[PDB]
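In the text below, chain A, chain B and the rest are named by the order of the sequence lines, each starting its count at 1.
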Amino acid sequence: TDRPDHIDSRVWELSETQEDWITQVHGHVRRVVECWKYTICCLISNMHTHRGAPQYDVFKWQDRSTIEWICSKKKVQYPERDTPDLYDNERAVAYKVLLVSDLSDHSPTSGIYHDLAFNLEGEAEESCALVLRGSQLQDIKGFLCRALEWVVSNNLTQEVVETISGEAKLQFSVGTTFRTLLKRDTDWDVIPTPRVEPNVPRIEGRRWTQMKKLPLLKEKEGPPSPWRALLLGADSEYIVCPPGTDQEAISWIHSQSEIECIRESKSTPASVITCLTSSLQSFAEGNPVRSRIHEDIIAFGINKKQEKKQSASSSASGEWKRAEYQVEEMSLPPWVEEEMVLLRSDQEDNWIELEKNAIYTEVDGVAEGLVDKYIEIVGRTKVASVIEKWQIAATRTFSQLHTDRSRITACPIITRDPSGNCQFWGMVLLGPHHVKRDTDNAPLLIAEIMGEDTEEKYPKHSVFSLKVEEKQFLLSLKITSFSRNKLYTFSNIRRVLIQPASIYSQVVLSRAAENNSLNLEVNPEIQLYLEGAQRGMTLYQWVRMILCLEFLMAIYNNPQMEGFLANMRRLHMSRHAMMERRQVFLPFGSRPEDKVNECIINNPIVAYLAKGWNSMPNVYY
Amino acid sequence: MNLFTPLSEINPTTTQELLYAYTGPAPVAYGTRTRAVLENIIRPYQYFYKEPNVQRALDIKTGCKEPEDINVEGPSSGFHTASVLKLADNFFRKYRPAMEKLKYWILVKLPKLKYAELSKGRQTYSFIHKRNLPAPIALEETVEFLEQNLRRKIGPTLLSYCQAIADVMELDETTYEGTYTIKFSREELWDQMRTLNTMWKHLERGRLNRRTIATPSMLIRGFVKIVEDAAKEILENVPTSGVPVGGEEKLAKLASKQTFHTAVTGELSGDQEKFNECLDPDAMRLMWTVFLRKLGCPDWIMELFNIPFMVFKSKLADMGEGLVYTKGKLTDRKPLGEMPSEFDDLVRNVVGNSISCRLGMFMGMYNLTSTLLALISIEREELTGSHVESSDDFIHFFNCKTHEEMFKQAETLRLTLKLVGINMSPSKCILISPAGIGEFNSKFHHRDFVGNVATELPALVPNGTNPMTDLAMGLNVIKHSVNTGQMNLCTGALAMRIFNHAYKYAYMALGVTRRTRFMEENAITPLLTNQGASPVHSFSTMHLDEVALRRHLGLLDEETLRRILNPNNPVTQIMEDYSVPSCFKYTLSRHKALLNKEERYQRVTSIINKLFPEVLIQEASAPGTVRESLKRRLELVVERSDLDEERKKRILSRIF
Amino acid sequence: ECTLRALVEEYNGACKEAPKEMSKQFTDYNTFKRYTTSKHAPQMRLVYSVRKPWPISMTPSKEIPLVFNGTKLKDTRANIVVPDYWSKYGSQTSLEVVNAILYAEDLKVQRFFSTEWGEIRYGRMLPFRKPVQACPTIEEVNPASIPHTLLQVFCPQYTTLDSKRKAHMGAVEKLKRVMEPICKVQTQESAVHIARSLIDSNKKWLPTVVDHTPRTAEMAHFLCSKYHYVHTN
RNA sequence: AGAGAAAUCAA
RNA sequence: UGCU
């Protein structure tokens with residue numbers, strides 16, 4: 001590692017990077033040999049001038065672009081590896097310093113450049129001696145003999161000789177101290193060489209059992225699941241408002257409205273209606289963001305962490321034990337089928353207004369026609385209106401959840417029909433949100449219009465009576481803290497249309513493939529297991545229910561739903577296999593339903609899917 | 001669920017994509033990972049023996065076990081040594097061309113690997129600041145640490161980096177002086193090298209329970225990179241590997257091969273239960289050693305390939321913030337050992353906040369090497385079928401003559417994977433005897449058709465930055481989705497329309513907005529999609545830039561064309577952008593001891609970017625430091641200028 | 001030229017301000033080219049960033065601050081409507097500038113509107129994906145020789161004899177003729193990106209029912225599918 | 001309160 | 001403060 005005393009520090013520093021010495025056989029020796037060659041080049045090219053220019057310029061151990069520049073001016077070019085060490089301007093010839101232990105082997109290396117062979121002990125080859133001046137020979141001899149006692153002082157002889165003999169070889173070295181560290185947690189050496197004789201033992205295994213009947217998913221028991229989604233969904237309604245901006249509609253509603261509670265829940269106190277009215281007034285006077293009132297503490301849970309922690313500390317009793325978290329088991333609520341029916345109800349408006357893309361090829365026309373017909377199928381539906389409401393609400397909630405405001409913000413859920421009339425779906429109420437992480441929950445006070453009131457379906461929503469020009473509507477009011485990522489992903493709820501579109505598109509294109517002409521009007525008969533028996537139904541209705549069920553699976557998405565679907569994909573595949581009159585075999589300890597039954601706890605749509613699966617034939621024979 | 005099972009005109013497998021949750025929040029993991037990581041660590045000790053004997057099982061250094069110790073009923077952790085030797089020999093004997101490519105990689109491509117590619121990695125725990133950092137920052141920290149401790153300059157090659165890591169370990173004391181100096185011992189540096197930083201795996205789908213992911217340290221990432229490049233080189237040439245290159249043609253071809261009618265077919269689609277926590281690093285050591293020995297590779301190659309797994313056997317997995325303990329309503333965060341729990345067996349392995357774990361592995365590491373361990377097992381004379389392996393998911397094809405012999409082959413497949421520590425899930429593996437219905441990775445196979453089904457829906461939203469680049473990004477993502485078979489005519493066009501609507505809204509151009517109301521009040525007619533005009537793209541036009549289309553169809557005319565593409569515009573003055581520089585190609589407006597270092601590195605990058613025009617086309621390969629290289633290039637570029645020599649020396653006089 | 005003194009002064013400033021930084025190895029550039037403490041994605045914040053009162057950061061130039069009550073300059077940051085102001089009542093450039101500022105885009109567009117399409121006919125075809133060249137190139141250039149071709153095109157002086165040898169001749173001269181106007185109008189990074197995109201032969205997995213030429217392989221998301229196939233010229 | 005699901009948010 |  002230390003620099004030899006006979007080599008200048010500049011040459012050593014230049015050598016430090018010129019080649020990778022540490023990963024080569026016999027390191028710290030090839031570097032010294034190359035330093036010797038560079039020193040020879042420097043001594044030959046030392047303060048010698050010809051035609052007003054230096055006689056020798058060294059093409060070695062310097063930036064390559066300089067070599068190409070100098071060679072370009074000299075009408076010569078050299079590739080990378082046979083690069084001459086130095087070039088003589090007086091004679092217009094190039095040389096490479098090439099040390100050899102033996103001098104008898106003249107061995108002209110190449111015709112591109114001549115060689116300057118100087119042995120280790122000092123004597124030069126006859127050609128290189130007769131082509132160079134006396135002083136160069138003498139001082140190269142001095143440098144080489146000095147290197148000679150440097151070698152013999154630390155007996156570098158044989159490895160220097162083999163360095164001269166041939167090209168470098170790459171090696172990797174593991175030390176003795178690292179080797180002991182490496183073997184602390186293993187029974188073998190660095191290179192494992194077990195003494196066992198290679199063989200494959202014949203282990204006795206079990207048998208493969210056929211799935212003669214499809215598994216039956218376990219329907220759970222307990223209180224019916226409430227409606228835990230962010231918004232009402234199928235039970236949502238809108239209030240028609242005169243055309244104008246959002247502030248105009250809010251002003252109209254606030255001016256013509258009377259509020260009276262009809263059902264007050266313990267989860268959402270009826271006293272938080274003051275916050276909603278104050279925010280309506282604020283957003284009607286042109287200030288979306290308003291100050292904090294006393295009821296906001298209860299409405300948004302201000303300082304609820306500290307007081308609950310204090311209560312827990314005061315009520316502390318017993319001994320520390322490992323945390324046991326319990327997820328309450330719930331059964332299938334009866335309102336899932338009601339939501340399925342209501343979400344399929346036909347609306348007057350299209351509720352899906354997406355700008356048509358351009359058309360240039362005949363292929364583009366087919367795709368646009370299919371998309372337009374799909375929009376016609378699932379557009380004039382309640383589920384489309386709920387999707388639009390969710391899109392608007394999530395976007396308006398997310399756009400105001402970017403700073404760290406400590407004051408209440410108003411995000412009305414207002415949509416506009418093609419005529420221009422505003423539609424009051426509801427309202428979202430941001431609380432003080434000092435959010436720092438995308439996972440953190442932001443307090444909200446969701447106020448929105450019901451269509452029907454059911455205490456069992458909405459145990460936490462407070463119901464109020466609203467009078468708007470001789471028309472009465474219900475008004476939801478629920479306290480909910482909802483995260484940033486969920487609001488972001490619900491701001492793109494329109495992506496749910498892809499899967500029903502995929503199914504409809506594949507059906508239409510299968511018809512197009514079976515015949516030799518696209519139709520775009522085909523509405524075939526889809527056979528399904530409806531109410532246990534097998535009754536067919538039309539494609540337009542089937543796609544319409546698929547959209548509603550996918551929307552419910554999207555707004556109700558959690559570890560339970562994703563685990564249920566992931567572990568039910570293989571059972572769906574097995575059912576298809578048995579439909580094709582095929583045999584399904586399983587290994588010894590195989591209980592596929594156990595992977596699914598663990599995901600059925602309290603999710604309403606997981607329970608609904610499980611009931612739908614159970615209402616299907618178990619054996620196909 | 002009966003709605004997702006059509007009985008006519010369309011297959012239940014064709015409606016398989018309805019069983020997904022594209023739209024909807026992906027679950028996020030909350031709180032400590034300590035319980036999850038301790039559960040992951042305890043599994044290899046639980047299933048090492050037929051009966052749970054964790055306390056005695058916490059004495060095994062090499063996971064070698066006798067054949068009668070293998071659990072044929074439940075999961076089995078560990079491997080049979082002679083089985084590994086024979087299976088590796090069989091995997092070498094067949095697929096010999098695949099191993100020939102490995103020889104060329106070792107002899108030619110391996111020495112040319114640079115450690116700069118280590119900066120293109122995940123977040124890496126830094127032993128200097130004891131905190132997660134981006135990969136380039138940790139890489140330069142470690143390189144500087146080695147330079148200060150080894151009194152030498154680290155070579156650009158990856159082999160040089162690994163050699164530096166090897167030699168730094170024999171030093172009794174190591175320092176990182178430089179205002180900020182911290183000491184290390186050989187044991188402390190060894191522990192830091194062994195330490196595996198673990199964190200929750202976020203935004204993961206298809207699971208009820210959250211898993212954790214462990215990442216290596218920069219002291220071992222070079223060795224891991226070498227081994228994984230070798231594993232990828234092998235796997236890219238074997239027919240049985242379902243890695244990103246194999247998943248395209250292998251499954252589709254296996255779904256299209258004809259079979260003799262008298263023969264008996266069969267597909268086994270399944271998942272490997274407890275894949276990460278059952279394999280032992282010594283099995284990979286032994287397989288790699290057999291591979292290198294049968295290639296005639298030198299001993300230093302063997303040592304280089306063996307160091308990563310040997311360090312893995314000494315891993316100190318980071319538990320995390322501790323276990324959760326309750327005293328009624330309040331909760332506390334407590335480490336393992338302070339109070340009794342269900343992981344009291346592993347208390348003796350607690351080293352500081354980390355825990356020792358010899359048996360078993362962790363996810364996020366040695367993904368490709370684990371695939372190799374699952375393919376040497378298939379190399380048996382009884383197993384005459386076709387196998388495709390991709391990490392913990394696999395599909396197998398049986399071509400037999402009798403059902404009994406098919407079941408014998410299936411059981412042989414189940415047990416041969418157990419000889420190396422790979423237990424397929426009993427409740428997740430399904431065998432279809434008559435013909436082809438199966439699933440692999442994300443694809444779903446039915447008869448001659450294989451249909452790729454996406455796990456995550458493409459983000460049909462602008463990716464930020466500017467309208468011109470993210471419009472192209474969205475169109476390219478939709479095109480990629482269509483090309484993979486996930487989408488088609490109508491689905492692709494609908495995704496295009498949804499993305500276009502979100503694009504027009506995301507730049508405040510839909511409805512009555514301030515920008516919009518500005519356009520019709522200044523008589524600024526809209527010409528571009530981001531301006532709210534009609535869309536110029538179509539399904540057949542996802543690969544074309546907007547402005548060229550609008551010029552060709554005569555939308556941007558000519559006068560507006562000159563003005564928007566003027567290079568001297570006030571507003572203005574990277575992998576597949578393919579967008580023109582225009583006025584709409586703008587940008588938006590957005591431990592502390594590192595910021596100045598970032599700015600210094602950025603300025604040195606800027607000076608290199610201009611003086612060296614060749615540093616963008618290829619990688620910087622030139623001996624010397626930045627100072628001398630830049631100075632010599634400045635001198636060279638000045639001396640080649642058209643200026644006379646007196647101006648040349650005038651310019652050179654001010655260089656210092 | 002003033003560029004030489006600009007480089008000299010920037011070099012002196014870098015040496016003065018960053019002593020230790022300049023002492024790093026030149027080959028470390030591939031490591032510290034990406035040194036940044038910045039990491040999901042701006043896609044989750046773009047909707048609010050655009051609606052920020054002063055979203056666009058604009059360099060000082062000649063822009064009117066108030067037009068029809070515009071308040072579009074605060075003296076820096078700009079307004080979201082100044083790109084649209086730069087589309088009418090602004091400054092124009094030469095026709096050659098706009099013709100050369102985009103060349104590969106024009107080539108891709110013209111190839112689209114130059115091929116007649118037959119009658120699309122549907123069937124039960126099963127498409128299998130082969131790796132085919134992504135887009136047509138001006139000349140057939142091997143993937144290994146693309147960096148050397150770019151080196152010859154952009155910086156011939158900073159090359160080496162064997163770099164010239166393993167560089168595909170012929171394509172270099174055409175790349176020069178087509179990139180001479182583009183280089184002077186756009187940045188060097190943009191120029192090299194466009195040039196490589198012109199010469200890159202990247203094999204990408206694409207649906208395939210019949211053998212695809214690069215011209216056909218460029219446009220494949222709509223020519224063939226599992227239910228339809230239209231035959232080109 | 002609440003969101004939520006094996007443990008966090010309610011700075 | 002205006003995405004069907």
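- Taking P443(A) as the reference, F300(A) meet the side-chain contact (heavy atoms from CB on, under 4.5 Å) condition, with sequence neighbours excluded.
- Nucleic acid contact class of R497(B) (heavy atoms, under 4.0 Å, all strands): none.
- Around the CD atom of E456(A), the shell of radius 6.0 Å holds no more than 12 heavy atoms that belong to other residues, nucleotides or ligands.
- One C1' atom belongs to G4(D), the other to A10(D), and the distance between them is 12 Å to the nearest Å.
- No side-chain donor-acceptor contact under 3.5 Å links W320(A) to the backbone of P340(B).
- Residue-level contact check: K304(A) touches the bases, meaning some heavy atom is under 4.0 Å from a base atom.
- Residue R322(A) places its CZ atom among more than 12 non-hydrogen atoms of other residues, nucleotides or ligands, all under 6.0 Å distant.
- Residue order along RNA chain D, read from the 5' end via each residue's closest nucleotide, puts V327(A) first among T439(A) and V327(A).
- Using the six-membered ring where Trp is involved, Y48(C) and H402(A) have ring planes that are parallel, under 30° apart on the 30 and 60° scheme.
- Among the heavy atoms of the strands lying under 4.0 Å from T395(A) is at least one base atom, whether or not backbone atoms are also near.
- Interface limits on RNA chain D: the 5'-most and 3'-most nucleotides within less than 4.0 Å of chain B heavy atoms are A5(D) to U8(D).
- Residue contacts shown for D349(A) include a base, since a base heavy atom lies under 4.0 Å away.
- Using a 4.0 Å heavy-atom cutoff across all strands shown, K504(B) reaches no nucleic acid atom at all.
- Counting any heavy atom pair closer than 4.0 Å across all strands shown, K460(A) reaches sugar-phosphate atoms only and no base atom.
- Taking 4.0 Å as the cut-off between side-chain N and carboxylate O, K327(B) and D332(B) do not count as a salt-bridged pair.
- Under the 3.5 Å distance criterion, the side-chain polar atoms of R494(A) are left unmatched by any main-chain donor or acceptor of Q391(A).
- Counting non-hydrogen atoms under 4.0 angstrom, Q391(A) reaches a base of the nucleic acid.
- Relative orientation of the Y503(B) and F499(B) rings is tilted, given thresholds of 30° and 60° on the angle between their planes.
- Salt bridge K382(A)/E237(A): present, at least one basic N to carboxylate O contact under 4.0 Å.
- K486(A) comes within 4.0 angstrom of sugar-phosphate atoms only, judged by non-hydrogen atoms across all strands, and of no base.
- If you take atom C1' in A7(D) and the same atom in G2(D), they sit 16 Å apart, rounded to whole Å.
- Atom CZ of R333(B) is surrounded by more than 12 heavy atoms from other residues, nucleotides or ligands within 6.0 Å.
- A salt bridge is defined here as a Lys NZ or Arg NE, NH1 or NH2 lying under 4.0 Å from an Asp or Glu carboxylate O, and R407(A) with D296(A) fails to meet this definition.
- Listed in residue order, the members of residues 409-428 of chain A having a heavy atom less than 4.0 Å from RNA chain E are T415(A), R416(A), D417(A), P418(A), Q423(A).
- Using a 4.0 Å heavy-atom criterion, one finds that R35(B) contacts the sugar-phosphate atoms exclusively.
- For the pair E328(A) and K308(A), nearest-nucleotide mapping onto RNA chain D gives the more 5' position to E328(A).
- Looking at which nucleotide of RNA chain E each of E388(A) and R517(B) is closest to, the 5′-most match is held by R517(B).
- Applying the 6.0 Å contact sphere to CD of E521(B) captures more than 12 heavy atoms from other residues, nucleotides or ligands.
- Checked for salt-bridge contact, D346(A) and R544(A) miss the test: no charged N lies under 4.0 Å from a carboxylate O.
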Base-pairing string, 5' to 3', of RNA chain E - Watson-Crick or wobble, under 3.5 Å, | interstrand: ....
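- Residue contacts shown for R437(A) are absent, as no nucleic acid heavy atom lies under 4.0 Å away.
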Side chain to side chain contact (heavy atoms under 4.5 Å, CB included) evaluation trace for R484(A) with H433(A): CA-CA 11 Å; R484(A) 181 177 172 88; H433(A) 46 274; over 6 Å; no
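- Ring geometry for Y238(A) against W425(A) counts as perpendicular: the plane angle is over 60°, on a 0 to 90° scale with 30° as the lower cut.
- First and last contacting nucleotides of RNA chain E toward chain B (any atom under 4.0 angstrom from a heavy atom, 5' to 3' order): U1(E) to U4(E).
- Base contact: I479(A) has a heavy atom under 4.0 Å from a base atom.
- Salt bridge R210(B)/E562(A): present, at least one basic N to carboxylate O contact under 4.0 Å.
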Bracket notation of RNA chain D in which parentheses pair within the strand, [ ] cross earlier pairs, and | pairs with another strand (Watson-Crick or G-U, under 3.5 Å): .((....))..
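- Counting only distance, with no hydrogens or angles, the side chain of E448(A) and the backbone of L232(A) share a donor-acceptor pair below 3.5 Å.
- Counting non-hydrogen atoms under 4.0 angstrom, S267(A) reaches the backbone sugars and phosphates but no base.
- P443(A) comes within 4.0 angstrom of nothing in the nucleic acid, heavy atoms only.
- Residue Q306(A) is out of contact with every strand shown, counting any heavy-atom pair closer than 4.0 Å.
- A salt bridge links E39(B) with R43(B): the distance from a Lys NZ or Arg NE/NH1/NH2 to an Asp or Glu carboxylate oxygen falls below 4.0 Å.
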